[PDB]
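Asker: Take this structure first; my questions come after.
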Amino acid sequence: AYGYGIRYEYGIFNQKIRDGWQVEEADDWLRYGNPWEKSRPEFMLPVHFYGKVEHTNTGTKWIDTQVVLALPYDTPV
Amino acid sequence: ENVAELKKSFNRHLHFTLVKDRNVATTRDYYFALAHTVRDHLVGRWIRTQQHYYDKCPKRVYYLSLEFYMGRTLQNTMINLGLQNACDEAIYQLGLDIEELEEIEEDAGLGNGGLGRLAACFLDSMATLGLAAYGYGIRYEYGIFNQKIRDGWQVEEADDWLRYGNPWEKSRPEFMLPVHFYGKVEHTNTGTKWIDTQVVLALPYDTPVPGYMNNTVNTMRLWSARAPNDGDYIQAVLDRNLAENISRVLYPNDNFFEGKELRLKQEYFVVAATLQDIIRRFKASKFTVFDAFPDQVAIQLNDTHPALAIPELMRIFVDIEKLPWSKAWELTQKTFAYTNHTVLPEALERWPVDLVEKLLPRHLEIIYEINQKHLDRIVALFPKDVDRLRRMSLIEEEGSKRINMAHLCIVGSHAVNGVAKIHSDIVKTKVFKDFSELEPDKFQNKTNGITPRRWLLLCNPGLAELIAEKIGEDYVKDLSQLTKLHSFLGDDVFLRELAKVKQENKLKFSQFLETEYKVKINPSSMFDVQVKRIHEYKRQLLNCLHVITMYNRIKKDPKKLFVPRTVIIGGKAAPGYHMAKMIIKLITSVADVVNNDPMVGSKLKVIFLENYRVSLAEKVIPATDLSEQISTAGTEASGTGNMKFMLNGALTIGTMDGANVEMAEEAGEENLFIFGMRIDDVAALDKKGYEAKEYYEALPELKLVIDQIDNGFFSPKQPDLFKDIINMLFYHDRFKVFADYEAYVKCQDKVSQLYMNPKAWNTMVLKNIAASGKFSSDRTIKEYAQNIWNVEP
Amino acid sequence: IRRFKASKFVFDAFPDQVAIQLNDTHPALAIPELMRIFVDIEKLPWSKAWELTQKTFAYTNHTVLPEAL
Amino acid sequence: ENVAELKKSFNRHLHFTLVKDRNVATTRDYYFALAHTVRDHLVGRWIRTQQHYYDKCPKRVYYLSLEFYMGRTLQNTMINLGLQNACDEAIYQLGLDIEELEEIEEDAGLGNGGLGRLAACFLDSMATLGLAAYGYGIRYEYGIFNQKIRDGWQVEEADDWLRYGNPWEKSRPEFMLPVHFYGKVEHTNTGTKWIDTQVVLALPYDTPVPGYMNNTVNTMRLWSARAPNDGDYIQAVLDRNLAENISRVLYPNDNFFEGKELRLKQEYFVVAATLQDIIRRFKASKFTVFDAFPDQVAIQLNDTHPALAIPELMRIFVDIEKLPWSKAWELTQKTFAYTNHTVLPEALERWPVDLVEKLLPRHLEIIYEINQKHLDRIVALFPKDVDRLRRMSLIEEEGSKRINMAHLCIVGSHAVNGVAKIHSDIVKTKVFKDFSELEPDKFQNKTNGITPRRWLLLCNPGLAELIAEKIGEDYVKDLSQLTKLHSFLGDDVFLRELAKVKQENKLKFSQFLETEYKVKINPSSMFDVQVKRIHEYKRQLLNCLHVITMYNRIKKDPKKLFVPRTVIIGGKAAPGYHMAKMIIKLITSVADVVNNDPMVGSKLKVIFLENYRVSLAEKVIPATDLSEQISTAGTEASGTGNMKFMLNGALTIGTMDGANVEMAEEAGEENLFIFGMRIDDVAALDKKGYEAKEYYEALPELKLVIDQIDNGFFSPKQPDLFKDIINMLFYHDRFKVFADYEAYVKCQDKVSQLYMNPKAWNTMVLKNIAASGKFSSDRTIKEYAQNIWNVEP
Ligand SMILES: O=C(N[C@@H](Cc1ccccc1)C(=O)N1CC(C(=O)O)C1)c1cc2cc(Cl)ccc2[nH]1
Ligand SMILES: O=C(N[C@@H](Cc1ccccc1)C(=O)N1CC(C(=O)O)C1)c1cc2cc(Cl)ccc2[nH]1
Ligand SMILES: O=C(N[C@@H](Cc1ccccc1)C(=O)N1CC(C(=O)O)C1)c1cc2cc(Cl)ccc2[nH]1
Ligand SMILES: *Cc1c(COP(=O)(O)O)cnc(C)c1O
Ligand SMILES: *Cc1c(COP(=O)(O)O)cnc(C)c1O
Ligand SMILES: CC(=O)N[C@@H]1O[C@H](CO)[C@@H](O)[C@H](O)[C@H]1O
Ligand SMILES: CC(=O)N[C@@H]1O[C@H](CO)[C@@H](O)[C@H](O)[C@H]1O
Ligand SMILES: Cn1c(=O)c2c(ncn2C)n(C)c1=O
Ligand SMILES: Cn1c(=O)c2c(ncn2C)n(C)c1=O
Ligand SMILES: Cn1c(=O)c2c(ncn2C)n(C)c1=O
Ligand SMILES: Cn1c(=O)c2c(ncn2C)n(C)c1=O
């Protein structure tokens with residue numbers, strides 16, 4: 001088995017009670033470092049967003065896209 | 001188009017076209033049903049394409065050649081039409097294996113090697129670029145012979161490729177034409193008349209040439225010889241074979257001139273038919289009327305083989321269309337362009353005027369007049385220099401008069417090109433100096449190329465997919481896009497994936513080798529490959545020396561670390577080429593000793609790849625680690641196999657000759673294993689004098705090899721079997737094998753070193769593949785379109 | 001997909017080597033994305049790819065609350 | 001320590017730290033495993049060193065700078081720890097190439113050029129001398145951008161140097177600190193209070209600085225910006241980027257002031273954190289308590305960038321530690337020392353008081369008070385001279401009020417120094433005349449230096465070994481020992497060995513050039529190099545004129561003996577520096593015409609060295625024959641690249657400017673190719689009036705070059721592409737390029753003459769290297785230690 005998700009810099013917020021109301025504080029869980037994760041840079045990948053669809057004889061092409069990279073981090077289970 | 005409908009069409013053809021059902025259908029039957037199913041997808045665009053050319057009348061390009069080394073058509077057609085994946089699925093769903101059906105198809109081997117394969121790659125490129133191009137050749141009943149090895153020797157078998165029928169060809173009876181021979185000339189008051197001739201009919205067969213994913217389908221028109229219809233009755237009917245013998249068989253000579261009357265008939269046959277077909281088409285279009293001819297028609301001469309086209313066109317314009325000489329000649333020079341494909345003396349076409357007088361009387365007269373107008377000019381511009389007249393004449397006088405067809409092509413053409421920088425240079429400043437000095441702008445270079453469809457997409461889908469997943473499919477039509485590959489030089493994973501692709505190709509090709517040959521293949525060894533026509537200039541002999549060399553080093557120190565190799569050498573030898581046949585026997589003799597010696601084991605295997613042809617090149621090329629391109633510097637006009645291996649992930653070891661020089665420039669010299677003498681070194685060694693007995697005396701490793709070959713170590717039953725080889729090496733070797741021996745071996749040692757460093761080896765592989773873009777035949781044709789034919793996509 | 005190709009692999013065996021559980025609808029786009037890869041990248045016909053897809057994916061519904069759909 | 005144990009440690013890290021084995025390990029993985037293996041050797045001495053400083057409390061030196069151009073750390077660390085040879089052997093025994101692993105390491109390019117590299121050389125020197133020194137900067141997520149050339153133009157790419165992680169840095173979370181911004185001031189009865197501020201946290205990262213073979217390891221502490229922890233929730237979390245943008249990227253400007261609010265934030269950010277960290281440390285040691293502060297702490301201001309430190313310290317002493325102004329001010333002046341690094345008007349920092357009022361309200365008030373006490377004094381000593389008050393004020397009134405940070409540094413410091421005799425002189429008697437007249441003993445000179453470890457031992461091992469075999473290894477710590485080299489001026493063999501070293505460096509660097517660029521390199525040609533940030537004052541343009549000059553002479557008389565050269569010009573241009581970018585395009589345009597003209601051939605090659613950085617300087621510098629140091633006299637404060645080339649065997653051609661003047665003094669003027677106007681000539685030409693159209697009218701060779709550049713000879717597709725360059729040269733050239741053209745070219749001709757006399761050339765080379773001792777940064781720091789910081793090794 002393999003789990004697949006997103007490595008959020010900020011997880012679910014830390015909740016505090018101020019004057020009886022809930023107050024949210026950023027959960028900066030990686031500030032001091034996480035020894036349990038292992039970057040795997042050789043497996044980085046590009047992800048596309050936006051752009052448009054071109055219908056050519058070589059089939060449909062998704063062009064003019066903005067690219068973002070995906071850097072995986074493995075945690076042992 | 002979709003899977004379900006492809007299954008129905010297949011079953012429909014198996015039934016109505018093959019008259020079979022699943023219980024009685026043969027493998028050939030399934031293949032024909034699939035072939036017809038795919039073939040139907042071309043018809044619409046083929047009619048549409050040809051109709052478009054008629055309505056818009058773009059300038060037409062005619063590639064005239066005696067050779068078209070087409071290989072197989074089914075897979076190629078499925079890829080260019082975007083049907084492969086669908087057909088693969090449909091066939092699989094019908095319970096069949098498409099790969100097995102594909103092996104049924106006979107190769108259309110109407111060529112000898114490069115020259116014929118270049119023409120085939122050009123058609124693909126011209127169709128992919130959307131040009132109104134037409135290829136014109138001869139529909140040989142028999143192509144290049146099928147090669148077999150019996151008792152270590154090459155044995156030839158007729159290549160009866162049409163026996164079972166050809167679904168990819170379409171007879172065009174309405175365009176049949178008569179071609180004349182012999183007869184005599186009559187200079188009357190109504191024009192010159194070529195009469196009392198022997199007539200042979202030419203029946204054209206059209207084969208569709210589909211471009212890659214563009215809806216364009218051009219035509220390859222091949223002519224067939226047929227007896228006219230107008231002593232013993234039986235013999236007379238049988239004698240009809242004589243005429244039909246004209247398009248019977250392809251002359252099996254690569255880079256060698258054989259002045260056989262039948263060949264001269266094939267040259268004129270294809271030429272007379274083609275030029276009459278182009279003229280008819282011209283006059284049938286929207287068009288003194290001929291002034292626009294050179295603006296509507298461009299004819300490329302593939303080597304001097306179709307040289308007769310120059311006078312044939314003149315004959316037509318003057319005797320048929322009644323145009324004055326001066327005008328006829330002008331249009332001719334604007335119409336023709338000549339490609340010189342070789343510099344080897346033995347390959348030069350020099351026809352005895354006696355032979356030409358008897359067979360083509362009217363053409364001899366025209367060639368003589370062309371030479372007169374030609375020499376009158378020279379005499380004017382150089383009143384003194386009479387030796388220049390002799391060197392530029394279309395006629396050679398020394399002994400029996402002969403015609404220099406190359407000279408004839410130069411004067412009747414407006415463009416002349418070599419097939420690689422170093423070759424074109426040698427052609428312009430050395431071989432045809434006297435001509436280029438007068439007409440400098442006439443000579444050019446058009447470096448050869450190979451189509452990335454058949455030679456990448458078709459032969460190595462794994463590599464095409466890997467590349468495509470990283471930089472898109474853009475590269476198929478614009479190969480210079482492979483340079484983006486440099487972005488991943490430090491990407492360890494992409495390098496492991498690149499290697500996996502090669503290894504899979506090697507594992508598969510290995511299954512082919514253990515199936516066709518006894519030998520056990522070390523799948524981890526290095527695949528050292530040299531496949532091309534057997535020639536002394538290509539030096540399969542040099543390679544053979546290195547193999548025996550490696551063998552001895554192994555026997556000498558069995559415990560000495562040796563990088564394993566599987567040396568593969570293949571190629572057909574011209575039937576009458578004695579030295580080529582002997583070289584084949586030597587290789588087969590070596591393999592026998594090598595592959596069966598317990599001490600060498602899996603360290604070294606040698607294979608003489610039988611029946612090397614296009615379909616076989618598609619299998620071994622993707623599986624190669626090391627490509628041997630070792631002809632003597634200045635002897636290989638260009639080479640194309642070298643490009644094939646470069647595009648498919650192999651490293652190259654060769655001399656600075658042909659296109660090898662340009663490969664080094666594109667990828668960087670350090671990323672190739674260059675060695676040996678260069679154009680200048682060979683010349684120096686010549687002026688001085690090549691004494692082969694010196695290297696033998698100064699190199700012990702070479703001496704051991706030579707002694708083994710000379711004393712019978714590789715032919716115990718026949719101690720002097722290789723005498724002729726030894727004799728040529730020591731006294732008649734124009735290709736200086738012994739002179740590059742030392743550099744070659746040292747180069748080979750470095751290759752072995754690098755092979756042991758996968759990271760380094762594949763890194764270089766990636767730079768080569770990244771630098772192969774330049775060699776796509778689309779780029780070659782692009783330069784032809786712009787600088788010679790003046791046509792646009 | 002890269003792992004599948006690097007193992008002892010064309011894609012006919014994909015569903016027999018790969019099972020992808022979609023935790024609620026959040027990763028729903030994985031379905032059309034695989035179709036995209038199969039068809040636009042791997043050049044497989046639609047019918048074949050749709051078949052490989054359904055065999056590969058499994059969906060787990062984690063709620064019926066209208067505001068969570 | 002020994003080979004076997006280094007192999008085990010390497011394998012131990014590959015396994016436990018990289019979670020890899022040999023079959024799946026990447027090149028980056030091996031590099032990290034080696035890096036960690038070497039890194040372990042520093043820990044013991046790093047803890048020991050810092051513990052020693054705490055127990056003995058020696059005076060501490062803090063080098064405060066916005067820049068640290070560190071380059072790579074692995075090799076440097078192996079050399080200073082005496083591990084290189086052992087690691088090289090271990091790695092080789094593991095089947096790897098240490099050189100390939102080293103190339104994986106990203107440069108820590110947190111600098112723009114000299115100013116940042118000087119700081120880096122200083123840390124090395126301070127650690128080698130055993131000083132209790134600390135460097136303080138900003139840990140930029142992105143350093144100086146990575147440069148690429150696309151279509152002849154410089155293109156910028158983010159230098160994401162931390163992406164894969166940095167083994168040489170150590171987060172120190174327990175020392176995190178808050179830095180405030182904005183807010184307002186409150187003058188209460190319990191002290192002044194700076195409130196309602198925006199807080200940003202600064203997280204320090206420590207990097208060890210190992211001295212050469214001495215067991216000392218100091219620290220380089222770089223600060224990182226982090227958002228505090230105490231509308232739409234998502235946006236709020238995302239908005240945390242704003243604060244963190246403070247230490248996001250290094251401003252890519254060399255010698256140019258950009259008054260951007262973000263930059264002002266970086267200046268204060270690094271300053272507030274540093275001063276609070278030093279104060280805390282001070283109060284945490286063995287210590288009214290602050291009276292001993294200046295005896296325990298010395299802070300050097302690298303240029304005016306960290307000028308805010310003066311008021312920040314005042315703010316701390318008065319508002320936090322509750323010290324009276326008079327005392328606070330005294331301690332401050334005893335603590336700070338200021339180094340002026342430039343005299344170029346455009347590089348001067350002048351912040352609009354409006355910007356400072358909003359961002360640093362409490363600091364504006366303190367700067368105003370400092371100016372009041374400052375001007376009250378002047379008014380006293382010069383009751384009449386009111387214009388003197390305007391010229392010495394910390395505030396400039398002309399138009400929008402601005403703050404002269406340099407003035408602020410002078411009054412708050414007890415020492416001010418230039419970076420070279422001629423520069424310091426100009427700083428003391430001209431630019432700051434009004435200040436030095438009152439406080440003469442305040443101004444000094446501290447000629448720049450470069451570390452012989454990285455810039456000799458690391459970059460040119462062959463030369464270090466040759467030198468070491470002749471005079472011992474003593475010179476590494478005392479470079480003035482190179483003078484013993486004079487003992488071998490007539491030693492023909494030592495001269496042939498000196499030349500071999502250079503040639504090897506040239507052959508290796510040549511492989512780098514043919515690998516990165518198409519061009520074919522003449523390994524025997526003269527390596528003419530000018531690598532530095534692109535500037536009009538540095539005159540890469542002048543060099544370019546000479547190249548075009550040489551090119552024309554070659555075209556003019558192809559058969560005229562020409563001493564072959566490989567001209568290399570490289571350097572990054574500030575992104576918004578238009579003229580610098582245009583200059584790059586010109587050079588690339590020239591190379592294209594030059595490198596591809598058949599008539600010039602191997603006589604001349606031109607290369608625009610892409611992405612010039614520390615690791616690249618280490619490759620090209622050892623490979624240089626001729627070093628171009630040709631900035632206009634009086635414009636280069638000092639220069640350090642010039643020193644690098646001198647120590648590595650290159651001859652210099654330049655003007656009497658910066659440290660070039662001192663190089664001539666040490667080696668003897670005749671042993672350098674000096675030319676052009678001098679500080680006095682340029683002034684005369686100014687008073688008179690520089691009319692560039694005169695030299696163009698009086699020098700045909702220059703006119704030809706100019707016409708070619710202006711008429712499109714180097715940009716056919718864009719005839720007026722270089723219009724802006726021509727326009728500046730003829731009407732807006734403050735660096736008088738045309739004025740030194742003639743002298744420069746004549747100087748260049750003499751260099752060519754000498755190059756043809758190997759004995760003479762290398763003899764001069766030896767005198768230069770022998771005279772380079774003075775330029776070791778150990779000597780520079782020694783003078784800083786004795787005359788400004790008052791600390792001992
Ligand atoms: O960063 C080092 N160790 C690591 C150890 C670590 C790793 C993973 C989680 C927690 C701690 C470290 O302290 N951190 C990584 C975290 C971050 O990125 O902020 C904090 C380190 C050890 C070392 C030893 C020498 Cl000699 C020089 C530099 C060094 N850095
Ligand atoms: O020739 C027929 N189909 C063709 C189908 C075909 C066409 C072109 C190439 C290969 C196969 C056929 O079998 N061949 C042509 C080849 C040749 O030239 O010898 C072999 C055919 C189908 C059919 C069906 C009926 Cl009911 C009667 C006669 C028929 N002939
Ligand atoms: O992060 C580990 N090693 C570290 C090792 C390292 C440390 C510092 C610089 C480079 C490499 C790692 O791979 N990186 C830190 C870099 C980053 O900040 O992204 C990349 C690690 C080892 C390990 C071993 C197990 Cl069993 C589980 C989790 C693990 N993480
Ligand atoms: C490509 C090819 C050739 C040309 O090979 P060279 O090595 O260039 O002589 C010859 N024969 C076949 C079958 C080919 O596919
Ligand atoms: C040394 C160095 C410099 C300083 O060069 P000058 O010629 O003194 O301006 C600039 N950049 C780099 C990368 C250096 O190594
Ligand atoms: C006469 C002849 O077959 N020439 C061949 O032509 C091909 C195609 O141009 C070249 O690649 C090759 O080197 C050359 O030997
Ligand atoms: C502002 C700035 O970057 N100044 C630079 O400082 C270095 C180090 O002192 C000098 O060598 C150089 O000539 C000068 O241009
Ligand atoms: C290439 N070649 C041939 O193909 C050949 C030949 N002699 C006969 N043939 C067929 N010779 C000498 C030759 O060099
Ligand atoms: C088949 N074959 C040849 O083709 C051959 C030969 N000797 C020379 N040649 C060319 N021998 C002995 C032979 O058996
Ligand atoms: C050095 N330099 C720059 O770095 C610069 C500039 N203009 C913008 N920039 C970034 N100018 C005029 C300049 O001289
Ligand atoms: C990339 N680039 C520039 O950077 C540039 C320019 N013209 C001026 N500059 C600065 N052009 C035309 C250009 O392509």
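Following the order of the structure tokens, first chain is A, next is B, and so on, with residues numbered from 1 inside each chain and ligands from 1 in the order they appear.
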Please list as a PyMOL selection string every residue within 7 Å of segment 721-737 of chain D, counting only C-alpha atoms and excluding residues in the same chain fewer than 6 positions away.

Answerer: chain D and resi 536-537+542+632+692-693+709-710+715

Asker: So which residues touch residue 34 of chain A within 12 Å, counting only C-alpha atoms, skipping near sequence neighbours fewer than 5 positions away, as a list in words?

Answerer: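 My reading of the contact set: residues 7, 9, 28, 29, 39, 73, 74 and 75 of chain A.
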
Asker: Taking only C-alpha atoms into account and nothing else, which residues of chain B lie no more than 12 Å away from chain A? Please answer as an mmCIF file with N, CA, C and O atoms, in the first residue's frame.

Answerer:
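Saved result, selection.cif, follows:
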```cif
data_model
loop_
_atom_site.group_PDB
_atom_site.id
_atom_site.type_symbol
_atom_site.label_atom_id
_atom_site.label_comp_id
_atom_site.auth_asym_id
_atom_site.auth_seq_id
_atom_site.Cartn_x
_atom_site.Cartn_y
_atom_site.Cartn_z
ATOM 1 N N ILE B 79 0.701 4.219 -38.427
ATOM 2 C CA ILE B 79 1.251 5.289 -37.606
ATOM 3 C C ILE B 79 0.950 6.667 -38.198
ATOM 4 O O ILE B 79 0.455 7.557 -37.505
ATOM 5 N N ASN B 80 1.222 6.834 -39.488
ATOM 6 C CA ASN B 80 0.986 8.113 -40.138
ATOM 7 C C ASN B 80 -0.488 8.487 -40.187
ATOM 8 O O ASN B 80 -0.815 9.661 -40.330
ATOM 9 N N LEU B 81 -1.375 7.500 -40.066
ATOM 10 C CA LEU B 81 -2.818 7.761 -40.099
ATOM 11 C C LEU B 81 -3.432 7.763 -38.707
ATOM 12 O O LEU B 81 -4.631 7.998 -38.562
ATOM 13 N N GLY B 82 -2.608 7.499 -37.693
ATOM 14 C CA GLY B 82 -3.078 7.463 -36.316
ATOM 15 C C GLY B 82 -3.994 6.283 -36.016
ATOM 16 O O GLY B 82 -4.936 6.415 -35.237
ATOM 17 N N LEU B 83 -3.708 5.122 -36.603
ATOM 18 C CA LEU B 83 -4.553 3.947 -36.414
ATOM 19 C C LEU B 83 -3.930 2.789 -35.640
ATOM 20 O O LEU B 83 -4.649 1.917 -35.148
ATOM 21 N N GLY B 211 1.472 11.166 -45.468
ATOM 22 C CA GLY B 211 2.266 12.010 -44.599
ATOM 23 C C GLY B 211 1.869 11.730 -43.160
ATOM 24 O O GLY B 211 0.821 11.135 -42.909
ATOM 25 N N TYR B 212 2.689 12.162 -42.205
ATOM 26 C CA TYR B 212 2.371 11.924 -40.799
ATOM 27 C C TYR B 212 1.303 12.868 -40.276
ATOM 28 O O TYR B 212 1.517 14.075 -40.187
ATOM 29 N N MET B 213 0.147 12.312 -39.944
ATOM 30 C CA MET B 213 -0.956 13.083 -39.374
ATOM 31 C C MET B 213 -1.308 14.407 -40.060
ATOM 32 O O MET B 213 -1.505 15.412 -39.380
ATOM 33 N N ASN B 214 -1.415 14.430 -41.384
ATOM 34 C CA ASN B 214 -1.745 15.686 -42.044
ATOM 35 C C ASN B 214 -2.790 15.589 -43.140
ATOM 36 O O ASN B 214 -3.074 16.583 -43.803
ATOM 37 N N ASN B 215 -3.362 14.410 -43.344
ATOM 38 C CA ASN B 215 -4.374 14.242 -44.383
ATOM 39 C C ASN B 215 -3.809 14.290 -45.809
ATOM 40 O O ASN B 215 -4.569 14.302 -46.779
ATOM 41 N N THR B 216 -2.486 14.343 -45.948
ATOM 42 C CA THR B 216 -1.904 14.353 -47.284
ATOM 43 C C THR B 216 -1.447 12.949 -47.655
ATOM 44 O O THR B 216 -0.851 12.236 -46.842
ATOM 45 N N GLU B 469 6.693 11.777 -23.620
ATOM 46 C CA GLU B 469 6.196 12.075 -22.276
ATOM 47 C C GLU B 469 6.979 13.208 -21.611
ATOM 48 O O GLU B 469 6.485 13.849 -20.690
ATOM 49 N N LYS B 470 8.194 13.460 -22.084
ATOM 50 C CA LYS B 470 9.020 14.509 -21.506
ATOM 51 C C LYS B 470 8.942 15.863 -22.214
ATOM 52 O O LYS B 470 8.932 16.899 -21.555
ATOM 53 N N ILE B 471 8.883 15.867 -23.544
ATOM 54 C CA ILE B 471 8.832 17.130 -24.277
ATOM 55 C C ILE B 471 7.672 17.274 -25.252
ATOM 56 O O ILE B 471 7.657 18.204 -26.052
ATOM 57 N N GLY B 472 6.704 16.370 -25.189
ATOM 58 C CA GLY B 472 5.576 16.454 -26.098
ATOM 59 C C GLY B 472 5.853 15.743 -27.410
ATOM 60 O O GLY B 472 6.972 15.292 -27.643
ATOM 61 N N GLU B 473 4.844 15.670 -28.273
ATOM 62 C CA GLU B 473 4.961 14.981 -29.558
ATOM 63 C C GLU B 473 5.358 15.910 -30.692
ATOM 64 O O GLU B 473 5.378 15.513 -31.852
ATOM 65 N N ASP B 474 5.672 17.149 -30.342
ATOM 66 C CA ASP B 474 6.068 18.166 -31.306
ATOM 67 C C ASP B 474 7.226 17.707 -32.184
ATOM 68 O O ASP B 474 7.264 17.993 -33.380
ATOM 69 N N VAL B 476 8.052 14.964 -33.627
ATOM 70 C CA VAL B 476 7.841 14.094 -34.778
ATOM 71 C C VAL B 476 7.897 14.840 -36.112
ATOM 72 O O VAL B 476 8.401 14.303 -37.098
ATOM 73 N N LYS B 477 7.391 16.072 -36.141
ATOM 74 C CA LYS B 477 7.402 16.886 -37.358
ATOM 75 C C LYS B 477 8.556 17.902 -37.372
ATOM 76 O O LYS B 477 8.922 18.432 -38.425
ATOM 77 N N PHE B 488 17.329 17.514 -19.280
ATOM 78 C CA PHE B 488 17.340 16.390 -18.351
ATOM 79 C C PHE B 488 18.658 15.625 -18.221
ATOM 80 O O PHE B 488 18.659 14.463 -17.814
ATOM 81 N N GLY B 490 20.984 15.789 -16.036
ATOM 82 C CA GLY B 490 21.300 15.380 -14.681
ATOM 83 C C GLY B 490 20.144 14.659 -14.003
ATOM 84 O O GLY B 490 20.206 14.387 -12.808
ATOM 85 N N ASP B 491 19.093 14.349 -14.762
ATOM 86 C CA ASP B 491 17.907 13.658 -14.238
ATOM 87 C C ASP B 491 18.168 12.152 -14.173
ATOM 88 O O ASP B 491 17.975 11.432 -15.152
ATOM 89 N N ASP B 492 18.604 11.680 -13.011
ATOM 90 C CA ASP B 492 18.926 10.269 -12.828
ATOM 91 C C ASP B 492 17.812 9.312 -13.240
ATOM 92 O O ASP B 492 18.083 8.296 -13.878
ATOM 93 N N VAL B 493 16.565 9.633 -12.890
ATOM 94 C CA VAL B 493 15.430 8.778 -13.240
ATOM 95 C C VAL B 493 15.197 8.676 -14.758
ATOM 96 O O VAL B 493 14.998 7.579 -15.289
ATOM 97 N N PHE B 494 15.210 9.814 -15.449
ATOM 98 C CA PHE B 494 15.023 9.816 -16.899
ATOM 99 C C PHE B 494 16.151 9.004 -17.550
ATOM 100 O O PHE B 494 15.975 8.421 -18.621
ATOM 101 N N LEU B 495 17.309 8.965 -16.898
ATOM 102 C CA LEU B 495 18.436 8.208 -17.424
ATOM 103 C C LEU B 495 18.229 6.717 -17.186
ATOM 104 O O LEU B 495 18.658 5.894 -17.988
ATOM 105 N N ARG B 496 17.573 6.360 -16.087
ATOM 106 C CA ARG B 496 17.323 4.951 -15.830
ATOM 107 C C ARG B 496 16.219 4.465 -16.775
ATOM 108 O O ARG B 496 16.239 3.319 -17.223
#
```

Asker: List all protein, DNA and RNA residues that have any atom at most 6 Å from ligand 4, counting only C-alpha atoms and all ligand atoms, and write the list as a ChimeraX atom specification.

Answerer: /B:113-114,532,612-614,617,639-642

Asker: Any chance you can output those residues with C-alpha atoms as a PDB file, in the first residue's frame?

Answerer:
```pdb
ATOM      1  CA  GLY B 113      21.009   0.481 -49.794  1.00  0.00           C
ATOM      2  CA  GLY B 114      21.303   4.137 -48.847  1.00  0.00           C
ATOM      3  CA  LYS B 532      25.385  -2.144 -44.216  1.00  0.00           C
ATOM      4  CA  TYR B 612      19.914  -7.395 -43.859  1.00  0.00           C
ATOM      5  CA  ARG B 613      16.987  -5.334 -45.098  1.00  0.00           C
ATOM      6  CA  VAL B 614      14.743  -2.454 -43.955  1.00  0.00           C
ATOM      7  CA  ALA B 617      17.176  -2.793 -39.618  1.00  0.00           C
ATOM      8  CA  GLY B 639      25.784   7.488 -44.745  1.00  0.00           C
ATOM      9  CA  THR B 640      22.319   7.288 -43.197  1.00  0.00           C
ATOM     10  CA  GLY B 641      22.526   4.163 -41.084  1.00  0.00           C
ATOM     11  CA  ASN B 642      24.801   6.217 -38.887  1.00  0.00           C
TER      12      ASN B 642
END
```

Asker: Specify as a PyMOL selection string all residues of chain C found within 9 Å of chain B, counting only C-alpha atoms.

Answerer: chain C and resi 5-6+41-48
